[PDB]
Each structure stands twice: as structure tokens, then as C-alpha cells.
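Written out below as C-alpha cells is the structure these notes cover.
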Protein chains: 2
Amino acid sequence: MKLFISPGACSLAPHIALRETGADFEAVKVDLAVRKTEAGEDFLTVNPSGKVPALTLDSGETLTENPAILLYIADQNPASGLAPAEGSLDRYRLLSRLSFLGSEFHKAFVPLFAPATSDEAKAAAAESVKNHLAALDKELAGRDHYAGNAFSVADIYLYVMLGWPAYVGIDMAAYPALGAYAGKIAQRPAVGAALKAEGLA
Amino acid sequence: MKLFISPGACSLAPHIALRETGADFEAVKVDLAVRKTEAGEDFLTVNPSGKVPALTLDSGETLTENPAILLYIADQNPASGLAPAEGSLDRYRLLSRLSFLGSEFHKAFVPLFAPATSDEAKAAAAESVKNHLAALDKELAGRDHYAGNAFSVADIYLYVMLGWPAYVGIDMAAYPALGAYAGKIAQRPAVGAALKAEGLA
Ligand SMILES: *SC[C@H](NC(=O)CC[C@H](N)C(=O)O)C(=O)NCC(=O)O
Ligand SMILES: *SC[C@H](NC(=O)CC[C@H](N)C(=O)O)C(=O)NCC(=O)O
């Protein structure tokens with residue numbers, strides 16, 4: 001099983017998830033600029049969009065999209081309990097959470113990670129990020145978990161993105177509940193293990 | 001079961017899905033301009049973000065985000081087969097498609113539907129929508145269905161989005177495979193029934 005990643009990118013979530021489950025896999029780093037793997041291979045052959053994360057199974061089939069990859073990882077080792085049992089109703093809540101993160105929150109940042117983005121555009125994106133953080137901060141105030149009451153891949157996914165604002169000049173001190181929320185997660189050994197492996201710890 | 005929608009919006013997907021499964025439900029139209037449902041309620045109470053679609057389940061909860069809602073709708077009637085069964089690898093393939101459609105394709109349109117958007121921003125959005133359309137066309141020229149081997153909620157989700165390009169200045173005659181693809185789905189009884197119900201204004 002190969003998980004294609006890029007240091008600190010959205011692919012960190014799947015990375016942390018695989019380390020939480022202990023499943024075997026090799027992390028293959030990708031140079032998103034040249035769109036080539038560390039080994040030097042052409043990543044476009046793996047995922048035509050050139051984006052990470054990408055998960056290639058032992059069968060040879062590759063899976064893309066964080067929500068799909070995260071749920072897949074969790075389901076291969078249910079003992080880890082990173083996702084509600086298949087068929088359960090809390091599963092849709094999780095899906096909804098993963099989908100909000102990938103389609104709304106994650107996208108609010110994109111303009112801030114773009115080279116030729118107008119000042120007003122950046123100002124607009126920064127404004128959207130903050131509005132999301134404020135809503136997320138209010139939602140998690142007094143709560144430890146984003147989807148339900150157990151630790152899940154949605155928490156891992158959100159944790160990762162919560163490390164992006166400070167990256168784009170936004171001070172998290174304005175969101176106490178998020179800082180507390182993220183702080184707990186940052187301590188799990190799998191988080192530090194994934195980070196160290198990417199060379200960011 | 002209640003589905004909150006707005007004529008022709010992204011909420012048309014779940015609407016068609018509920019008709020495909022033959023479920024008993026009610027579609028509550030929402031005036032997005034003032035966040036009020038045709039039932040009088042302040043829609044922000046049903047869904048704090050003020051966005052459709054939103055699905056209040058027969059078990060009491062309100063679900064948001066198309067991928068989650070669409071998957072839930074399909075699962076309620078396994079005899080309809082609108083999504084692969086839990087436990088199958090094919091389910092993740094579906095989740096990946098729903099995720100791409102919701103996080104990449106759908107989002108590429110936003111700037112084109114926004115009022116204050118500048119000409120440059122619109123031009124950039126158009127180019128992004130066109131780039132996805134070209135990839136999707138090439139992709140669907142080789143298969144019958146978008147996700148897997150049979151008609152699924154991913155096809156309904158994509159079909160709805162394929163109904164937007166032309167109205168914002170992107171000639172769909174440029175994508176023959178997509179045109180043929182949408183033309184078949186457009187004929188389904190559930191699709192036309194949803195259009196007939198939404199077209200009344
Ligand atoms: S976070 C890094 C970028 N990946 C994505 O945006 C994946 C988005 C999907 N919607 C998902 O995984 O859910 C990335 O790889 N960008 C390429 C670049 O060249 O920056
Ligand atoms: S298409 C109509 C708008 N809804 C969404 O964009 C929902 C996006 C989620 N990511 C999803 O459902 O997957 C909408 O309701 N906009 C509000 C408005 O005032 O136009």
C-alpha cells in the first residue's frame with residue numbers, strides 16, 4: 001500500500017491515520033512543483049490531477065480524495081475505531097464532517113496558497129478562513145471531538161487544517177476552543193510520529 | 001423525511017435521488033435571499049450555514065453536505081442500488097467521486113454564480129470549469145457511468161452540475177461525451193419529475 005504525500009500538505013491526515021491504525025504502508029513523498037515522486041517517477045501516472053494524497057492498494061488500484069482515503073484507512077482496522085461501524089447512522093455524520101472540511105474549509109485556504117493572487121483576493125480568502133474558524137471555534141467550545149464523541153478521521157482531518165492559518169498569518173489566539181481542541185490531538189503519538197516521518201518534528 | 005432545496009441549485013441532486021429510490025418525503029423550498037422556508041421557519045435554524053441541500057431524517061437529525069445526503073438516500077433503499085453496498089471497495093470509489101464533485105467541480109463554479117465577482121475572477125473560474133469539463137469528457141467518453149459500472153448517485157450529482165456551464169457562457173457542444181451522457185439521464189422519470197416540480201414558479 002502506497003500513500004503519496006507532500007510534507008505538511010492535506011496528505012498529512014491520511015498519514016496520521018495510517019499510523020494510528022498501524023497498518024503497513026510506505027509513504028512516498030512527491031515534489032508537487034515538478035509533479036514527480038521522490039524516487040523520480042511521474043506522479044501524473046498515479047493521479048492525473050497531480051494532487052496528494054493518493055492511495056495505491058496492493059491490487060494496483062489507486063484511490064484519491066481525503067474523505068474516501070480516510071474512511072478506507074479507518075475501515076481496514078475497525079479496532080482503531082477511527083470511524084463508526086459500517087451501516088451505523090453516526091457514519092453519515094462523519095461523512096458530512098469530512099465533506100464540509102474538504103469542500104468548504106479546505107477550499108477557503110486555496111487562494112492563500114496561490115502565487116498570483118490579488119491582494120483583495122487574498123484579503124477575501126483570509127476573511128473566509130476567519131469566518132470558518134469562528135464558526136468552528138463556537139461549534140467545538142467545550143467539546144473534544146468534531147464528529148460524535150469519539151476520536152475519528154474527521155478530528156485528524158480538521159487537526160491538520162487547523163495548522164494552516166498560523167501558516168497564512170492568521171493568529172489562532174482568537175479561537176481558544178480550537179487551540180485547546182488541536183492541542184489535545186497534537187499530543188497523540190501518531191501525530192508526532194507522522195510529523196517526524198515527514199521531517200516536520 | 002424533509003429535503004430543503006432551492007430550484008435548480010445543487011440541492012436538485014438529492015431531490016432526484018429521493019425520487020429514484022421511491023421514498024416518501026417532502027421538499028421544502030427555501031428562499032435563500034432571506035433564509036425562510038415555505039413553511040415559515042427561519043432556515044438558519046434548520047441549517048446554521050443557511051445552505052441547501054439539507055435533509056431532516058426520519059430519526060430526527062438534520063444532515064448536510066451532498067455526498068453524505070446522497071449516500072444516505074441511496075442506503076435507505078438497497079433494492080434501488082444507487083450506491084454500492086457497505087464493505088465493498090467499490091463504495092470508496094463512489095465516495096471519491098462524490099468528494100471530487102463536491103470539493104473540486106462544484107467549487108469551480110462558485111465565482112461564476114457570485115454577484116460581486118470581477119471579470120478577471122470570472123474568466124479564471126470559467127477556465128477552471130472548462131478544464132474540469134475537458135477532463136470529465138475524456139473520462140466519460142470511455143465508460144458509461146461516472147462511478148463504477150451502473151447508474152449511481154454520483155451520476156445524478158454530476159448530471160446536475162453539467163446543467164450549469166451553458167448558462168454561465170460555456171458551450172456544452174464542446175464536450176460531446178458529456179452531452180450524450182447527460183442526454184440519457186435527462187430522460188429518466190425521476191429526473192424529469194424533479195424538474196417538473198422545481199420548474200413551477
Ligand atoms: S493539500 C495539497 C493539494 N491537494 C488537494 O487539494 C487535494 C484535494 C481533494 N479535494 C482531497 O484530497 O480531498 C495538492 O496536492 N495540490 C497540488 C499542488 O500542486 O499544489
Ligand atoms: S448550490 C446552493 C448552495 N449550497 C452549497 O453550495 C452546498 C455546498 C456543500 N459543500 C454541499 O452540499 O456539498 C447554497 O445553498 N448557497 C446559499 C446561497 O445563499 O446561495
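Just so you know, ligand 1 is whichever comes first in the structure, and atom 1 is the first atom listed for that ligand. Side-chain atoms are counted along with the backbone in the values below, which use heavy atoms only and exclude waters and symmetry mates. A note on names: the letters A, B, ... follow the listed sequences, proteins ahead of strands, and every chain is numbered from 1.
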Using a 3.5 Å cut-off on N/O to N/O, what pairs does ligand 2 make with the protein? A line per pair would be great.
residue, atom, partner, partner atom, Å
ligand 2, 4 (N), B:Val52, O, 2.8
ligand 2, 10 (N), A:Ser103, OG, 3.0
ligand 2, 10 (N), A:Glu104, OE2, 2.9
ligand 2, 10 (N), B:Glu65, OE1, 3.0
ligand 2, 12 (O), B:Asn66, N, 3.1
ligand 2, 13 (O), B:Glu65, OE1, 3.2
ligand 2, 13 (O), B:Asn66, N, 3.2
ligand 2, 15 (O), B:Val52, N, 2.9
ligand 2, 15 (O), B:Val52, O, 3.4

For residues 142-164 of chain B, the salt bridge (charged side-chain N to carboxylate O under 4.0 Å, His left out) pairs (sequence neighbours left out) are B:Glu139-B:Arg143
Any donor-acceptor N/O pair, A:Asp137 side chain to A:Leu133 backbone, under 3.5 Å:
no
Taking the six-membered ring where the residue is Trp, are the ring centres of B:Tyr146 and B:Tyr181 under 6.0 Å apart? no
_Check: A:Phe100 ring centre within less than 6.0 Å of A:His132 ring centre_ = yes
Near A:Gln187 CD, under 6.0 Å, is it more than 12 heavy atoms from other residues, nucleotides or ligands?
no
Exercise. Just by distance, do the side chain of B:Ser96 and the backbone of A:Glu65 share a donor-acceptor pair under 3.5 Å?
Worked result: no
